[PDB]
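This report concerns only the one structure given below.
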Amino acid sequence: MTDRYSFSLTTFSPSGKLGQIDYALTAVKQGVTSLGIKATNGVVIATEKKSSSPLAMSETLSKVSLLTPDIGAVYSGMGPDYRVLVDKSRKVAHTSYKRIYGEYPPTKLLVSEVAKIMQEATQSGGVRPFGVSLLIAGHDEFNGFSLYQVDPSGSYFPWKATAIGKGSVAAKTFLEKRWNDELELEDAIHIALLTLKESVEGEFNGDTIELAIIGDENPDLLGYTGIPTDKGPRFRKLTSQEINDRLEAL
Amino acid sequence: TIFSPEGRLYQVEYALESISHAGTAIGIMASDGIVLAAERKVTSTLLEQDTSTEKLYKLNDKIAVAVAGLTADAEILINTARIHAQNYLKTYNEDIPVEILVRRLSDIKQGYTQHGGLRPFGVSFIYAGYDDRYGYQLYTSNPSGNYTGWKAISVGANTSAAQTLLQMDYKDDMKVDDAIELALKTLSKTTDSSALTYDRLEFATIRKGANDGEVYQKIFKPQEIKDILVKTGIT
Amino acid sequence: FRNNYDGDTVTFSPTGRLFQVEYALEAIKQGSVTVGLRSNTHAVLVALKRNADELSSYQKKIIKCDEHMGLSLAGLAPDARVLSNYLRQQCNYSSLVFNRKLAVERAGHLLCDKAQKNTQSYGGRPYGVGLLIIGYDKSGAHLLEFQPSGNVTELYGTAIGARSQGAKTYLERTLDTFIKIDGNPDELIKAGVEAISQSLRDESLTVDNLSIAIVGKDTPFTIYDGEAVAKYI
Amino acid sequence: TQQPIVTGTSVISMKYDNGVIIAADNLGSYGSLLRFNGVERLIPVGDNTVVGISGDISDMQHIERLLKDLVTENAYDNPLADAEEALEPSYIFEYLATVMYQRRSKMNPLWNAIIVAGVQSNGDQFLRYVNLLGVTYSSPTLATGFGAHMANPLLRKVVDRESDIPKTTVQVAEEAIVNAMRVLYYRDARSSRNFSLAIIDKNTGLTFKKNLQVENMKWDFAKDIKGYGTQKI
Amino acid sequence: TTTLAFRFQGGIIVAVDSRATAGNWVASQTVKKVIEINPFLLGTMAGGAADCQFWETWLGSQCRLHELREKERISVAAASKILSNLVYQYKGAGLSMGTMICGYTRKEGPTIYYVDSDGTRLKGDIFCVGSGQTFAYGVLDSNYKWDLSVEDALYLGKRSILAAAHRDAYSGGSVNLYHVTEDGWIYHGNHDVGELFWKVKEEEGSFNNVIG
Amino acid sequence: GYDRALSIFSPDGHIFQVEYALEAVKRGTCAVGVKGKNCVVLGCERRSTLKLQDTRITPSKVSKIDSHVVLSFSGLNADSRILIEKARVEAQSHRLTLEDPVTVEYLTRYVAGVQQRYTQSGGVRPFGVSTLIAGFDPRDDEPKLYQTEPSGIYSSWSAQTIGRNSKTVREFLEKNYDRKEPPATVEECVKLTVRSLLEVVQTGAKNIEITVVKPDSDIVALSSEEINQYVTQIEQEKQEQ
Amino acid sequence: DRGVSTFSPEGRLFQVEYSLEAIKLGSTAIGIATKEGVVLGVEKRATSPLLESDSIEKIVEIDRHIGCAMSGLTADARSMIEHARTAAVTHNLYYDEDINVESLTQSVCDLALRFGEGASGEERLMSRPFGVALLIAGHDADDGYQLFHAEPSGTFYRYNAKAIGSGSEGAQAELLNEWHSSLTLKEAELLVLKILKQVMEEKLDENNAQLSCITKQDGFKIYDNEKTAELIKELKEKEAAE
Amino acid sequence: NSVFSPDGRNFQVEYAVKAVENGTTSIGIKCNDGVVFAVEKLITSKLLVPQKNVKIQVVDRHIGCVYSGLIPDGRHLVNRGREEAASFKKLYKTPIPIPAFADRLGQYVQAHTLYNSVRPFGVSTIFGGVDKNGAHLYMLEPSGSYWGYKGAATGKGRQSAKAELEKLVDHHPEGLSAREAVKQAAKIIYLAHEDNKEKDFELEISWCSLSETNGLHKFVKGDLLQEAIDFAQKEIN
Ligand SMILES: Cc1ccccc1CNC(=O)[C@H](Cc1ccncc1)NC(=O)[C@H](CC(=O)NCC(C)(C)C)NC(=O)C(=O)c1c[nH]c2ccccc12
Ligand SMILES: [Mg+2]
């Protein structure tokens, strides 16, 4: 019953810092590495499944999420914050876009809405900022493939390739060295695997690594036939087996 | 919101202090156009220059803003400014005069200063616009909700340094092309980087529309910036 | 212990105490003395009114709540106005809806509950007034003492305010005599007026000083001030 | 806006020397269908009051729930709930009359005609009527629906004014009620042979009689009636 | 009901009848249809009695409030507009009123405003209002001149109400007369139609439809 | 949402936030008003710090509230816009309901009331603004000049000044303003107003702005050239002895 | 700083006590009740000689039979006056009569209570107590001429005579000695003017002090400057002959 | 209130318990077909009217509540219990089962330990009665914690009360009649008064029993009360 903190919990300090946003960014730093690489014909987003218990079934906890048939997200930072942001991102894609124009939002606009939701946790009364950074990759007819980072402050930036979390500095270095504008999706997936092995402590296989792509349309995932102009999602989560296949010729 | 014993607003002053660490944005007004130029905050090789707009935004067909501060705060305000321009267009069947839009935005910022216990927006704007009453105009607004009109101005880092340079070289009879040169030279002199390369800039003009009698906002593609940087002899 | 714990009504001290409520209790002890007592047929309030100045009016301590009920006050006077207005309404509501005179006991319960909410809400203070309530209902005469903690007790007699401990000891001794004073209003007022005297360092209680109220079997609640109290001084 | 669905016909009542009598049949009609046959339309409240209700049965069941809540609520924090602070007929009545009038004023009536019968704590008879409009009245005899047209005239031949009430015994009053119930069964198409009757006496208390029947009916003369004018056989 | 007010050389004449009706029932013959708002302001009443009584009494309160707030008497224009705006809030709810606000101020001179429950507000020199309005108009308009003496103007007022009192079933009782000056209303008495009619017939030679 | 009290009483009986609001006015640019026999002149200083401004479009210090009343201020510029907007709404509302423009006293009492309200409301802070309200009542040739402050106190002045160094210019006007002999005309009334600012400005170029209000809604701002000629004549005429 | 309606360990409301301190810094106001009327007088106290003193409104009409004088944070007094006037005019509307002086005072004191937020039990549309005290004077048929002191504590007292503001400690003792039941209105006027002259920091004249009274016959009136001046030759000549 | 300490405690609730421990002692005893409630009423002064400051409260018709600590807090809780019981009866027609009622109070007390703008209740409450399937007795702490009990005690004399309660559970394992339980409650209240012997006390007993009160809550008064007092007076010496 009723809130006593109807004031901003994020305020400016004498030096100009927004304390709570910095502290949230530190929470992202402690988080498991995730990364994204943009190709000519796709985007790859990848991350490690740091399991809490070997008694836990790690397939019941996805770090890589579909947001629209052509947009997926990954994060580094606080898992539960990510989980609720995914729900709101899914919802806002419908309420602010699909229920208006009868189609899914382009990547930049959806990222824009998520950014807005995060900005509000930075200005509103009685809340702390979200403790996560998201990488959001997608496709849309008029913009093609794209990749965005969203930070706890609500800031977003487009990337050719980036990494967030623990070893992000070493991984960005590793990516700047390897990225070019002629990469096919398979090349990007390969680079994503190499980059991620540096980060991973333990086993490095299709059960401990989580990987998804925004590629071409998967008509076999649509669920129905008969409408030619409907071709299926571009978001595709790679299977454990599909990952192990690419680790043999790694 | 509260006053200090000095008669100052703490949170506003601290917001202003935040802005002085953001990339410099420069606005220059000439008789036949306006220039907006801004320095992108320390970037990386892998940033997508092509699909990036962090400092320059279109408000309507005749008005644009350069941003210094938190981008997410600025998008909040930009969005309401866009709505405000459309409400005016719907009400009067005329494009909104620049000052009216600027005053509104400034009033929103002022509100956060005076009631509600929320933090102010950490944003300073340079507005560049044209209308049939005052022709070309340049305004500035900061977190306090104050706004002033200028012939040339800067916000963000090194405003003091950039302001002195503009004061020296500015002349009332300038054409846009001379103003393009002035803004780039000033950013070059005041950068905290080695060189002022294309990948670290956003650039835009509001001109008399190539050849027409109408008004055109040109937001420079990265390649265009590279050219206009050679022309002015900074390469 | 008293340190960071008396900031609001919404915080317990490490001893389990509510200091804001205890501080509210201290405004009662600061207030001018008032006495209440009863027999089987009548109930009486006696109060010492207090002036600000020799040029001023003595301020009233006695408020009527219904034809069969009223109260005296010690502490923050404007708080007494708030609480008696509520009590006036509760009395009124009872007459209109049920055609029933409010039991003095229920009036006690209602005041307790109202005080209580103010001992648990953030940003609100507790009431800072003590009250003595008298009435004649369907089960005779009654006297109640109200404390802003919300504790209300039924008594044959009592006193609140500064130096009230004297009057209390007197009534404690007088018990078996005044409980029987039936069918003689003037004798009971006299026993009340004598009780309030044990609480005087002040002076000799003048025609302006003294405030008396009575209610009973065939007497609506009535207030006496000025020349009408002379015959008791 | 509403309309009665399942309904229960007359409630009839009168004062005698030492108390009140009230009766109502046991039928719940559904328009012209005599649908339900074990319906109690007399409601004892405590043991000094019977509420008799006619009109809409769903609204009647609502008023039952209210009366039971009233008894519960009166018992709360009340050590005299079965003595001096028990619910009186007049309290029960005023309450319902308040409810009825508020509901009609909100354009959402309880579609009923109600008679409250009982004895006050001072021994006085209480007999009062309230209906869906909030109209209230008292009389030595009260009846609702058809009862007002047919029972009152017979009952008034016994108690025509206030001074006829010392003069009227329990036996005469009950006799008159029972006869009037017979007349109602003869002429009211929505009435029933089975009824309940309650006596509230200042000495006896409450006597509640269930499963009473109309007896001594005259039907033999029917056999001589042939045709509708000229027919002889 | 018949009420009138007119401006002339020497100020304002205000005259009203005093009959209250409910259907064809004569409820009263001695009713007050002028409200004395302040010593310089008058209000007249036609239509719903409660509506008029209540809202013009309310108007007096608002006018008084103005005096305390502005340290000056309210203008006729402003007083009428308060009632006009109130009545407009209630439009379509079924308020029923026909009203004249008549007074003097230095800035305005003598002023008449007509205000009704439709929300109409008009400044004018001559108004007749109520079921008897047309009858009063017939006499008033045919004998009106700007330069009428005070004595004549009071008589014309009185005579116009008598006319309407005679012809309109819903008017009658008595005439109440007022003169408003620079200094500023003066009451000019109650005149019972029972006596006034016969007096006027005799002295004037009019009312020849009437036998005896 | 948020209605926590910020303006409260001190142990010695001041409202700290109101007092600190006064400090904000103290650092605001200077403003002055003096009234002639048949006019009221409004003068304001503009700061030297930034001289690359566009004067065509920058909000000026003297604002029209209605066609016969002006307002100037010292303190937080942004705060002043809120008062000016509300005063303007009230002015139109007054014409709409009373069928007459506001008196200068009425308008002042309204602005002062708004200022007062923000000193006793939860969640809000007082206005860091003091105002000078000047003009002519409808159909009246007698000039009016009022001053309001953050507390909501208001009063009328023959001449007054507010803002930084106002203490000096007040001292000046106290010596130089005579109540029986006011300035007789517009020309000489402006001159006194410029003289009072010249005590504080120290070159006043386009650094001084003037507005003259005459009866019957005749309000005119002065250009640099008209002001220049006043400054020129003041230091020239006052030199020899 | 913790809370706005917090009790002290003594059992006093912090903010109420402090508001009483603000009243002490105010201009002096004095009222004297007689059987021929009540006189209210105030020190105007101009902050500068350029202030037009007749624009200083420290004595206000509430209704024909009620006036009042203020001392303290005088801007706070506007909404108190507005409420008072509305209560009086409203009462007359509901009841076709004059509101009793005492009843009007109680109303003003009810308004003063409503600081805080909306305390659990009802609602408070105000963040701090008023920082102004009122002397409320008038006449009614039941109690005749009356003088009340309205405090931001919500309490009020009737007085035969009362001073509020900066000079109030000195003025009250002076009033203790000078007041008697018999004073005429002319004697009361003169005493207010005398006591103001003593406590004022300039020399008292018709521009830095203001007089008013309330009589049954003429109601509440603020004396113009000519009338007060002619009471100040009078007080000078009276004290000079003593 | 909403503040967890570094070791997962709530100091505010722990402080609320100290207010309870400071209170008068009160008890409940579960018998073979019902429940008995008893409480110590301190006689502060002779002026207190005997039998007239009733502490034990009824809820609906079949539930009694007794409590120790801040009396007003207990009343606040009982008002809520009554609203809560009426609302159950309104929708479900049957009177509220005791376990159902326990949780209602439970959830409400627990809510007051979630928010910085509220304090926990300063009482422990002993309550119960008869429902569809027997007698139940409950005790409820400031934290909102509650369990079923065979016997319960709270307040100043809680320790000795618990010890006498434990002895009964041992010497009577075979289900303690309603009439015995009343007698014993009087005894136990007498034996917790040893701590506060400086001031005199008054005894209040109430009961809800299937065979003795028809499952309704009644106050023990008259001859039954005196008989229980005499038993306690005899067994104390
Ligand atoms: C303007 C004025 C001011 C003061 C005095 C007189 C006048 C002249 N006006 C009238 O006489 C009007 C004529 C009229 C009738 C219907 N429509 C519009 C106009 N009469 C009314 O308003 C009457 C007045 C009345 O009967 N008053 C009683 C009283 C004061 C004379 C004793 N009320 C009624 O008829 C009346 O209230 C009702 C009559 N039947 C009703 C059923 C439900 C509710 C109300 C009524
Ligand atoms: Mg325990």
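Letters for chains follow the order of the structure tokens (A, B, ...), residue numbers begin at 1 for each chain, and ligand numbers begin at 1 in the order shown.
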
>> Hey, which residues sit close to ligand 1? Say within 7 Å, counting only C-alpha atoms and all ligand atoms, and write them as a list in words.
In response: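 Those residues are residues 1, 18, 19, 20, 21, 22, 23, 27, 28, 31, 32, 33, 45, 46, 47, 48, 49, 50, 52, 53, 96 and 97 of chain E.
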
> Residues of stretch 28-110 of chain F in strand (DSSP E or B) according to DSSP, as a PyMOL selection string?
Replying inline: chain F and resi 31-35+40-45+53+63-66+69-75

> Near residue G:117, counting only C-alpha atoms, which residues have an atom at most 10 Å away, once you skip same-chain residues fewer than 3 positions from it, shown as a PyMOL selection string?
Replying inline: (chain C and resi 123-124) or (chain F and resi 3-5+121-122) or (chain G and resi 4-5+114+120+123-128)

Please produce a file of the residues just selected, as a compact mmCIF listing (two decimals), in the first residue's frame, where the atoms kept are C-alpha atoms.
# COMPACT_ATOMS: atom_id res chain seq x y z
CA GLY C 123 3.12 11.65 7.62
CA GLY C 124 0.31 11.91 10.17
CA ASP F 3 3.90 16.51 -2.53
CA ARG F 4 6.67 16.55 0.09
CA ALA F 5 7.10 19.91 1.87
CA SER F 121 2.24 23.85 -1.46
CA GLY F 122 3.70 20.36 -1.10
CA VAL G 4 6.38 18.67 9.33
CA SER G 5 3.86 17.70 12.01
CA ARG G 114 -5.49 22.06 7.43
CA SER G 120 -5.73 9.63 8.53
CA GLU G 123 -7.90 16.31 4.37
CA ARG G 124 -5.10 18.89 4.37
CA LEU G 125 -4.42 21.08 1.29
CA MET G 126 -1.41 22.99 2.73
CA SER G 127 2.25 22.18 3.53
CA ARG G 128 3.05 24.54 6.43

> Within 8 Å of ligand 2, counting only C-alpha atoms and all ligand atoms, which protein or nucleic acid residues do you find, written as a list in words?
Replying inline: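 Within the 8 Å cut-off, the matching residues are residues 21, 124, 152, 153, 154, 155, 158, 159 and 162 of chain H.
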
Residues of chain B that have any atom at most 6 Å from an atom of chain F: could you tabulate them with the shortest-distance atom pair and the distance in Å to one decimal, using only C-alpha atoms, ordered by chain and increasing number, as JSON lines?
{"residue": "B:5", "atom": "CA", "partner": "F:20", "partner_atom": "CA", "distance": 5.4}
{"residue": "B:7", "atom": "CA", "partner": "F:24", "partner_atom": "CA", "distance": 4.4}
{"residue": "B:114", "atom": "CA", "partner": "F:125", "partner_atom": "CA", "distance": 5.5}
{"residue": "B:115", "atom": "CA", "partner": "F:124", "partner_atom": "CA", "distance": 4.3}
{"residue": "B:116", "atom": "CA", "partner": "F:2", "partner_atom": "CA", "distance": 5.2}
{"residue": "B:145", "atom": "CA", "partner": "F:78", "partner_atom": "CA", "distance": 5.5}
{"residue": "B:146", "atom": "CA", "partner": "F:78", "partner_atom": "CA", "distance": 4.9}
{"residue": "B:148", "atom": "CA", "partner": "F:58", "partner_atom": "CA", "distance": 5.2}
{"residue": "B:149", "atom": "CA", "partner": "F:58", "partner_atom": "CA", "distance": 4.7}
{"residue": "B:150", "atom": "CA", "partner": "F:53", "partner_atom": "CA", "distance": 4.3}
{"residue": "B:151", "atom": "CA", "partner": "F:54", "partner_atom": "CA", "distance": 5.5}

Convert the current residue selection to file output with C-alpha atoms, as a CSV table (one decimal), in the first residue's frame.
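What ended up in out-v4.csv:
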chain,number,residue,atom,x,y,z
B,5,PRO,CA,21.4,29.1,0.4
B,7,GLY,CA,19.8,30.9,-4.5
B,114,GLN,CA,10.0,23.5,-9.9
B,115,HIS,CA,7.8,20.6,-8.9
B,116,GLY,CA,7.5,16.8,-8.6
B,145,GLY,CA,14.5,25.6,-19.0
B,146,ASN,CA,16.1,28.9,-20.0
B,148,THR,CA,18.2,32.4,-25.7
B,149,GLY,CA,18.6,33.2,-29.4
B,150,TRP,CA,22.0,33.4,-31.2
B,151,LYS,CA,23.9,34.1,-34.4

> Contacts of stretch 130-143 of chain B at 7 Å or less, counting only C-alpha atoms, minus same-chain residues fewer than 2 places along, as a list in words?
Replying inline: residues 12, 15, 16, 29, 33, 34, 62, 63, 97, 98, 106, 109, 120, 121, 122, 123, 124, 125, 126, 127, 128, 145, 146, 147, 148, 149, 150 and 151 of chain B

Written file, previous selection with N, CA and C atoms, as an mmCIF file, in the first residue's frame:
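Saved the output as result02.cif:
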data_model
loop_
_atom_site.group_PDB
_atom_site.id
_atom_site.type_symbol
_atom_site.label_atom_id
_atom_site.label_comp_id
_atom_site.auth_asym_id
_atom_site.auth_seq_id
_atom_site.Cartn_x
_atom_site.Cartn_y
_atom_site.Cartn_z
ATOM 1 N N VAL B 12 20.012 21.273 -11.031
ATOM 2 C CA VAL B 12 20.142 21.918 -12.325
ATOM 3 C C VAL B 12 21.612 22.150 -12.636
ATOM 4 N N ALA B 15 23.345 18.968 -13.458
ATOM 5 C CA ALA B 15 22.964 18.575 -14.807
ATOM 6 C C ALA B 15 23.785 19.330 -15.855
ATOM 7 N N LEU B 16 23.982 20.631 -15.636
ATOM 8 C CA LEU B 16 24.814 21.470 -16.507
ATOM 9 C C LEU B 16 26.263 20.990 -16.536
ATOM 10 N N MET B 29 24.440 30.612 -37.751
ATOM 11 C CA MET B 29 23.399 31.144 -38.611
ATOM 12 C C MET B 29 23.991 32.146 -39.612
ATOM 13 N N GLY B 33 21.065 30.490 -44.764
ATOM 14 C CA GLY B 33 21.112 29.150 -44.194
ATOM 15 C C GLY B 33 21.632 29.076 -42.770
ATOM 16 N N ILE B 34 21.544 27.878 -42.195
ATOM 17 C CA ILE B 34 22.061 27.598 -40.862
ATOM 18 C C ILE B 34 22.918 26.339 -40.908
ATOM 19 N N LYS B 62 11.199 21.817 -41.105
ATOM 20 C CA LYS B 62 11.860 23.120 -41.075
ATOM 21 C C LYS B 62 12.751 23.374 -39.843
ATOM 22 N N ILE B 63 12.755 22.437 -38.893
ATOM 23 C CA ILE B 63 13.413 22.618 -37.596
ATOM 24 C C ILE B 63 14.204 21.368 -37.207
ATOM 25 N N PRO B 97 5.937 28.244 -35.761
ATOM 26 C CA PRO B 97 7.065 29.164 -35.614
ATOM 27 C C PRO B 97 8.084 28.599 -34.627
ATOM 28 N N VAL B 98 9.368 28.762 -34.930
ATOM 29 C CA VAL B 98 10.434 28.096 -34.176
ATOM 30 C C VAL B 98 10.382 28.418 -32.683
ATOM 31 N N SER B 106 11.261 24.209 -23.557
ATOM 32 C CA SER B 106 11.880 24.879 -22.417
ATOM 33 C C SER B 106 10.985 24.882 -21.177
ATOM 34 N N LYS B 109 11.139 21.437 -19.422
ATOM 35 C CA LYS B 109 12.370 21.352 -18.616
ATOM 36 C C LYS B 109 12.261 22.163 -17.332
ATOM 37 N N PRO B 120 16.127 16.564 -13.226
ATOM 38 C CA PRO B 120 15.989 17.260 -14.508
ATOM 39 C C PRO B 120 16.526 16.411 -15.657
ATOM 40 N N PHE B 121 16.186 16.792 -16.880
ATOM 41 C CA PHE B 121 16.760 16.182 -18.065
ATOM 42 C C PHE B 121 18.175 16.719 -18.231
ATOM 43 N N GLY B 122 19.130 15.817 -18.456
ATOM 44 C CA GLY B 122 20.527 16.206 -18.653
ATOM 45 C C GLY B 122 20.809 16.533 -20.106
ATOM 46 N N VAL B 123 20.131 17.552 -20.613
ATOM 47 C CA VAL B 123 20.141 17.851 -22.036
ATOM 48 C C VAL B 123 20.268 19.341 -22.282
ATOM 49 N N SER B 124 21.165 19.704 -23.192
ATOM 50 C CA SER B 124 21.131 21.026 -23.802
ATOM 51 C C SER B 124 20.852 20.879 -25.286
ATOM 52 N N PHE B 125 20.008 21.763 -25.814
ATOM 53 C CA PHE B 125 19.667 21.761 -27.238
ATOM 54 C C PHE B 125 20.176 22.999 -27.959
ATOM 55 N N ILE B 126 20.609 22.810 -29.205
ATOM 56 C CA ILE B 126 20.703 23.902 -30.164
ATOM 57 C C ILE B 126 19.642 23.657 -31.226
ATOM 58 N N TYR B 127 18.705 24.596 -31.346
ATOM 59 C CA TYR B 127 17.645 24.521 -32.343
ATOM 60 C C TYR B 127 18.006 25.363 -33.555
ATOM 61 N N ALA B 128 17.850 24.772 -34.732
ATOM 62 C CA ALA B 128 18.075 25.458 -35.992
ATOM 63 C C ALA B 128 16.791 25.384 -36.800
ATOM 64 N N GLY B 145 15.683 25.225 -18.212
ATOM 65 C CA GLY B 145 14.502 25.619 -18.966
ATOM 66 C C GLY B 145 14.621 27.017 -19.543
ATOM 67 N N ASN B 146 15.781 27.630 -19.350
ATOM 68 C CA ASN B 146 16.090 28.907 -19.978
ATOM 69 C C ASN B 146 16.415 28.718 -21.460
ATOM 70 N N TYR B 147 16.131 29.729 -22.276
ATOM 71 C CA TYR B 147 16.464 29.688 -23.697
ATOM 72 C C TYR B 147 16.814 31.077 -24.215
ATOM 73 N N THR B 148 17.743 31.123 -25.163
ATOM 74 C CA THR B 148 18.235 32.375 -25.731
ATOM 75 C C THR B 148 18.466 32.179 -27.226
ATOM 76 N N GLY B 149 18.438 33.275 -27.979
ATOM 77 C CA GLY B 149 18.639 33.241 -29.427
ATOM 78 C C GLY B 149 20.035 33.717 -29.767
ATOM 79 N N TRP B 150 20.623 33.145 -30.817
ATOM 80 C CA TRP B 150 22.020 33.416 -31.164
ATOM 81 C C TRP B 150 22.247 33.501 -32.669
ATOM 82 N N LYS B 151 23.370 34.106 -33.053
ATOM 83 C CA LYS B 151 23.853 34.086 -34.439
ATOM 84 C C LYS B 151 24.845 32.940 -34.608
#

> Quick one: which residues from chain A are at most 12 Å off chain C, using only C-alpha atoms, as a VMD selection string?
Replying inline: chain A and resid 1 to 4

Can you write out the residues you just picked, keeping N, CA and C atoms, as an mmCIF file, in the first residue's frame?
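Okay, this is what ended up in part11.cif:
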data_model
loop_
_atom_site.group_PDB
_atom_site.id
_atom_site.type_symbol
_atom_site.label_atom_id
_atom_site.label_comp_id
_atom_site.auth_asym_id
_atom_site.auth_seq_id
_atom_site.Cartn_x
_atom_site.Cartn_y
_atom_site.Cartn_z
ATOM 1 N N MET A 1 0.827 -1.242 0.000
ATOM 2 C CA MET A 1 0.000 0.000 0.000
ATOM 3 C C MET A 1 0.855 1.284 0.000
ATOM 4 N N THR A 2 0.748 2.038 -1.101
ATOM 5 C CA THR A 2 1.288 3.415 -1.277
ATOM 6 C C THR A 2 2.811 3.626 -1.128
ATOM 7 N N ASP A 3 3.380 4.387 -2.066
ATOM 8 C CA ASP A 3 4.830 4.611 -2.173
ATOM 9 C C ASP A 3 5.317 5.902 -1.487
ATOM 10 N N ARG A 4 6.383 5.781 -0.689
ATOM 11 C CA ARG A 4 7.002 6.922 0.015
ATOM 12 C C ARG A 4 8.206 7.499 -0.727
#

> For chain A against chain F, which residues fall within 12 Å using only C-alpha atoms, given as a ChimeraX atom specification?
Replying inline: /A:2-8,124-126

>> Would you pick out the contacts of stretch 195-209 of chain B at 7 Å or less, using only C-alpha atoms, so that residues sharing its chain but fewer than 3 positions from it are not included, and give the list as a PyMOL selection string?
In response: chain B and resi 32-40+49+55-56+188+191+212-220+222+225-226

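From atom CA of residue F:170 back to atom CA of residue G:197, the distance works out to 27.7 Å.
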
Distance table requested - chain D against chain H, cut-off 12 Å, only C-alpha atoms: one row per qualifying residue with the closest atom pair and its distance in Å to one decimal, ordered by chain and rising residue number, as JSON lines.
{"residue": "D:62", "atom": "CA", "partner": "H:90", "partner_atom": "CA", "distance": 10.4}
{"residue": "D:65", "atom": "CA", "partner": "H:90", "partner_atom": "CA", "distance": 8.4}
{"residue": "D:66", "atom": "CA", "partner": "H:90", "partner_atom": "CA", "distance": 10.2}
{"residue": "D:68", "atom": "CA", "partner": "H:60", "partner_atom": "CA", "distance": 10.6}
{"residue": "D:69", "atom": "CA", "partner": "H:86", "partner_atom": "CA", "distance": 8.1}
{"residue": "D:70", "atom": "CA", "partner": "H:60", "partner_atom": "CA", "distance": 11.1}
{"residue": "D:71", "atom": "CA", "partner": "H:61", "partner_atom": "CA", "distance": 9.6}
{"residue": "D:72", "atom": "CA", "partner": "H:60", "partner_atom": "CA", "distance": 6.2}
{"residue": "D:73", "atom": "CA", "partner": "H:60", "partner_atom": "CA", "distance": 8.0}
{"residue": "D:74", "atom": "CA", "partner": "H:60", "partner_atom": "CA", "distance": 10.6}
{"residue": "D:75", "atom": "CA", "partner": "H:58", "partner_atom": "CA", "distance": 8.2}
{"residue": "D:76", "atom": "CA", "partner": "H:58", "partner_atom": "CA", "distance": 6.2}
{"residue": "D:77", "atom": "CA", "partner": "H:57", "partner_atom": "CA", "distance": 6.4}
{"residue": "D:78", "atom": "CA", "partner": "H:54", "partner_atom": "CA", "distance": 9.0}
{"residue": "D:79", "atom": "CA", "partner": "H:54", "partner_atom": "CA", "distance": 8.1}
{"residue": "D:80", "atom": "CA", "partner": "H:52", "partner_atom": "CA", "distance": 10.7}
{"residue": "D:81", "atom": "CA", "partner": "H:218", "partner_atom": "CA", "distance": 11.5}
{"residue": "D:82", "atom": "CA", "partner": "H:218", "partner_atom": "CA", "distance": 11.3}

>> Which of chain D end up as alpha helix (DSSP H) when DSSP is run on this backbone - answer as a ChimeraX atom specification?
In response: /D:57-75,89-105,146-156,170-187

> Given a cut-off of 9 Å, which residues of chain F touch chain E, counting only C-alpha atoms, written out as a list in words?
Replying inline: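 Every residue meeting the condition is included here: residues 97, 98, 99, 100 and 106 of chain F.
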